[PDB]
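First up is the structure itself, then whatever we jot down about it.
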There are 2 protein chains.
Amino acid sequence: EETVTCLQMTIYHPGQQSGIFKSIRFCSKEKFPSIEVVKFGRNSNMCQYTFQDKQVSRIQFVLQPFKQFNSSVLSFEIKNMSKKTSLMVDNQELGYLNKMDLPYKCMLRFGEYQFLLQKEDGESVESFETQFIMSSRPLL
Amino acid sequence: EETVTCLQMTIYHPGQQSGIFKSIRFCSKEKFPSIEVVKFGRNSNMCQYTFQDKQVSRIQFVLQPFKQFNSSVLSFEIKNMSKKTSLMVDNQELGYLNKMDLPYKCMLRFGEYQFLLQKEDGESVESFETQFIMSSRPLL
């Protein structure tokens with residue numbers, strides 16, 4: 001019955017009506033152990049969440065959970081895994097292998113993708129969940 | 001011919017004459033792609049470097065490469081993966097899922113283990129190497 005921290009991710013893409021997100025399941029919380037590292041990119045064998053797009057690198061970025069000091073809940077860190085295209089966390093540009101700790105609500109922009117991320121705090125630190133929502137509108 | 005960043009790790013343990021480091025190869029640089037994450041612990045299937053010790057958690061900690069902003073070389077981040085035992089980076093205690101960016105030279109203490117870490121900068125950012133040395137003396 002222990003609440004689980006969930007990272008709500010509202011995503012958008014102008015060509016999303018082409019099935020770019022066909023590999024992604026929406027409104028479905030997927031439990032991940034705190035040992036796991038969530039990866040995004042076009043490669044199905046390397047990434048848990050994949051996009052059918054040539055402009056997407058094999059691995060675009062990774063999200064990993066961690067505990068901030070003097071905090072009893074899970075937070076998340078992002079790291080750009082793309083040599084080619086940058087990764088915008090709000091107003092900040094993340095080059096190849098740059099990393100940042102994520103706030104509770106932020107916007108991810110890589111290429112033409114737009115991700116709105118919102119962290120809902122739970123009690124558990126052994127696991128976390130992910131949920132996706134598709135936006136018909138652009139996010140900015 | 002491109003130089004590769006190497007993390008030199010001098011390790012010590014009072015019971016190291018029992019074969020705790022029998023699974024570890026010394027004076028051998030092992031190349032790792034910058035996508036990899038190096039893990040330490042007793043579990044052979046989850047960790048690349050393993051110790052035959054009940055007091056060692058399944059996964060003790062992880063080392064992952066990243067690029068500091070305004071820097072053209074690889075750096076490393078550590079994250080304690082042990083619920084049970086803390087992880088000392090120099091004078092700092094890292095609890096469960098706490099993380100820190102490593103300096104060029106630091107000391108790792110978990111349980112009765114002692115790791116001296118020294119980063120030798122290379123040119124490559126697509127890969128990094130690891131090398132181990134066993135110390136007959138304690139490190140502090």
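Read the figures in this text as sums done on the coordinates, not as results from a lab. Cβ atoms come from the backbone with ideal geometry, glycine included; neighbour counts cover every protein chain shown.
Per-residue answers, yes or no, for (1) under 19 Å from B:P65 (Cα atoms); (2) in a strand (DSSP E or B):
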| site | (1), (2) |
| --- | --- |
| A:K39 | yes, yes |
| A:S44 | no, no |
| A:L63 | yes, yes |
| A:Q68 | no, no |
| A:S71 | no, no |
| A:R109 | no, yes |
Would you check if there is a residue in segment B:70-79 being of a type in the set (V, I, T) and in contact with a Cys (Cβ under 7 Å, 6 or more places away or on another chain)?
no
Determine which member of the set A:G41, A:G19 is surrounded by 17 or more Cβ atoms within 10 Å (Cβ to Cβ) and at positive phi.
A:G41
Could you run through segment A:94-131 and say how many residues are free of Cβ contacts under 8 Å to residues at least 60 places away in the same chain and either under 20 Å from A:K31 (Cα atoms) or among the β-branched types (V, I, T) (or both)?
2
Search segment B:37-72 for residues being more than 13 Å from chain A (Cβ to nearest Cβ) and basic (K, R), and hand back the single one that is nearest to B:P14 (Cα to Cα).
B:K54
Has segment B:6-26 got any residue that is in contact (Cβ under 8 Å) with a residue 60 or more places away in the chain, among the basic types (K, R) and part of a strand (DSSP E or B)?
no
Please determine whether any residue of segment B:23-36 is within 10 Å of chain A (Cβ to nearest Cβ) and either more than 26 Å from A:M81 (Cβ to Cβ) or out of contact with any strand residue (DSSP E or B) (no Cβ under 8 Å at 6 or more places or on another chain) (or both).
yes
Those residues of segment B:53-65 which are more than 15 Å from B:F115 (Cβ to Cβ) and surrounded by fewer than 20 Cβ atoms within 10 Å (Cβ to Cβ) amount to B:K54, B:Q55, B:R58, B:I59
A careful count of residues in segment B:90-125 that are surrounded by 15 or more Cβ atoms within 10 Å (Cβ to Cβ) and either more than 15 Å from the chain's Cα centre (by Cα) or within 12 Å of chain A (Cβ to nearest Cβ) (or both) gives 9
Can you name the number of the only condition in (1) closer than 20 Å to B:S23 by Cβ; (2) surrounded by 15 or more Cβ atoms within 10 Å (Cβ to Cβ); (3) out of contact with any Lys or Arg (no Cβ under 8 Å at 6 or more places or on another chain) that B:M81 fails?
(3)
Name the residue that is nearest to B:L117 (Cα to Cα), counting only residues in segment B:73-86 that are part of a strand (DSSP E or B) and within 8 Å of another protein chain (Cβ to nearest Cβ).
B:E77
